[PDB]
Amino acid sequence: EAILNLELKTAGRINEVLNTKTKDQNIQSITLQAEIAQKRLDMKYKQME
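Residues numbered from 1 in each chain as written, not as in the entry; some residues may be left out. Part of a larger assembly, values for the part shown. Heavy atoms only, no water. Residues with missing side-chain atoms left out of burial classes, pairs and counts.

Structure determination for this PDB entry is given in the record as cryo-EM, at a resolution of 3.8 Å.

Below is the structure:
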């Protein structure tokens, strides 16, 4: 029983890490696309002015 909870401690650790790296990158995705949307403002506004 203690052995099995070692394996499923490991599974837990892995899943924590997977969401950490997955959502880091998925939040970055969208975030930087939002930065592109932000780019639309600032980029065109230089010449708009």
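Next comes the rest of the description.
Participant: Where do I start with the overall build of the protein chain in this structure?
Facilitator: Helix and strand counts for the protein chain stand at one helix and zero strands. The principal-axis extents of the C-alpha atoms in the protein chain amount to approximately 70 × 10 × 5 Å. (Helix = DSSP H or I, 4+ residues; strand = E, 2+ residues; numbered from the N terminus.)

Participant: So what exactly am I meant to see when it comes to unusual backbone geometry here?
Facilitator: Residues apart from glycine generally show negative phi values, whereas peptide bonds are mostly found in trans. Positive phi, close to 80 degrees, is recorded for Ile30, a residue that is not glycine. Locating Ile30 in the fold gives a position in helix α1 (residues 4–48).

Participant: Please clarify how α1 should be interpreted in this entry.
Facilitator: At 3.6 residues per turn, the α-helix brings residues three or four places apart onto the same side. With 45 residues, α1 extends 65 Å from end C-alpha to end C-alpha; this agrees with the ideal 66 Å at 1.5 Å per step. By the largest-angle criterion, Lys39 marks the main kink of α1, which is about 25 degrees. (Expected span 1.5 Å × (residues − 1). Bend = angle between axes of the 7 residues up to and from the residue.)

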